[PDB]
Amino acid sequence: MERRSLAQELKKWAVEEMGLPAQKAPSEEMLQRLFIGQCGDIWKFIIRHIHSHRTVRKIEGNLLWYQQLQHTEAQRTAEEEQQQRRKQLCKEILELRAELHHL
Amino acid sequence: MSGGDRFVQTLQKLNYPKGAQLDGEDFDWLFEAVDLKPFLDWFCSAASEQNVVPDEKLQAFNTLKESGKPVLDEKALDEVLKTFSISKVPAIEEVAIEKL
């Protein structure tokens, strides 16, 4: 039974994901000959990891986007420490300006 | 280059984890089948390194999809990524501490 489902997934991947026109797609009985011996594991990897260049861009750019968004939230906690350091430096500048005036 | 050689080379470009142990001659029988030859020639020509998504990015995108967060479409991604020109804006507040 397993060789038939893999023939179906490969036909679906070739037509829907990679954009092969359906008239050039071999029959599901012809595709079953591609799953003899070690070739079965090869075609499973292809179906899972090989996408259209359009799908790849959508995946990568959404990941990049949400990474940048999380990096902006982690930046707010660093902004609070930077604001505390800025208050410390402004207090030290005021103390130094007062000592300079007295000198 | 036999048909089998060309197929094994395309599998190596696709980062198949067993691609270095495959010999070209073992796959030449796939190209003797007159009816399957046009599909194999297409696959060997259409698949490139830019089409490969690594398993970590596939998992991270699936967790993004499961998290219920909206997945931006290609035009919205181009508008957002254009506006997200890498503005070295972290440098402006860091420059305020360096100046102080």
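- Per the deposition metadata, cryo-EM was the technique used to determine this entry, at a resolution of 6.88 Å.

**Notes on the packing of helix α1 (residues 3–13) of chain B against helix α2 (residues 37–46) of chain B**
Residue and element names in this part refer to chain B.
Then step 1. In the contact formed by α1 and α2, the axes pass within 9 Å of each other and the chain directions differ by 35°. Here α1 and α2 pass one another in a crossing that is left-handed. Of the residues in α2, those touching α1 at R6, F7 and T10 are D41, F43, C44 and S45.
Then step 2. Broken down by class, the residue content of the contact of α1 with α2 amounts to three nonpolar, two polar and two charged.

**Things to note about the packing of helix α1 (residues 2–17) of chain A against helix α3 (residues 39–49) of chain A**
Residues and elements named next belong to chain A.
Then step 1. Contact geometry for α1 and α3: axes closest at 10 Å, N-to-C directions at 40°. Judged by the angle between their axes, α1 and α3 are oblique. Handedness of the crossing formed by α1 with α3: left-handed. On the side of α1, the interface is formed by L6, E9, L10 and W13, while α3 contributes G40, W43, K44, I46 and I47.
Then step 2. Per-class residue counts for the contact of α1 with α3 are six nonpolar, one polar and two charged.

**Description of α3 of chain A**
Then step 1. For α3 of chain A, a buried count of eight out of 11 residues is recorded, marking the element as mostly surrounded by other parts of the structure.
Then step 2. Buried residues of α3 of chain A: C39, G40, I42, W43, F45, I46, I47 and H49 of chain A, and no others.
Then step 3. Packing partners of the buried residues in α3 of chain A comprise α1 of chain A together with α1, α2 and α3 (55–66) of chain B.

**Topic: a negative patch on the surface**
Then step 1. Residues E79, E80 and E81 of chain A together with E93 of chain B make up a contiguous surface patch of negative charge.
Then step 2. The element best represented in the negative patch is helix α4 (residues 53–102) of chain A, accounting for three residues.
Then step 3. Here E79 of chain A is to be found in helix α4.
Then step 4. Take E79 of chain A: its relative accessible area is 35%, and that puts it in the partly exposed class.

What counts as what
Residues numbered from 1 in each chain as written, not as in the entry; some residues may be left out. Chains lettered and ligands numbered in written order. Part of a larger assembly, values for the part shown. Heavy atoms only, no water. Axes fitted to C-alpha atoms, helices over the stretch in contact; angles between N-to-C directions. Helix = DSSP H or I, 4+ residues; strand = E, 2+ residues; numbered from the N terminus. Left-handed = near helix turned anticlockwise from the far one by under 90°. Contact = heavy atoms within 4.5 Å. Nonpolar A, V, L, I, M, F, W, Y, C, P; charged D, E, K, R; others polar. Parallel < 35°, antiparallel > 145°, perpendicular 65-115°, else oblique. Buried < 20%, exposed > 50% of the residue type's maximum accessible area, 1.4 Å probe, protein only. Patch = residues over 30% accessible without salt bridge, like charges linked within 9 Å, V, L, I, M, F, W, Y side chains within 5 Å. Areas by Shrake-Rupley, 256 points an atom, 1.4 Å probe, with all protein chains shown as cover. Salt bridge = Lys/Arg side-chain N within 4 Å of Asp/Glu carboxyl O. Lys, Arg positive; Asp, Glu negative; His and termini not counted. Charge placed at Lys NZ, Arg CZ, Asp CG, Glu CD.

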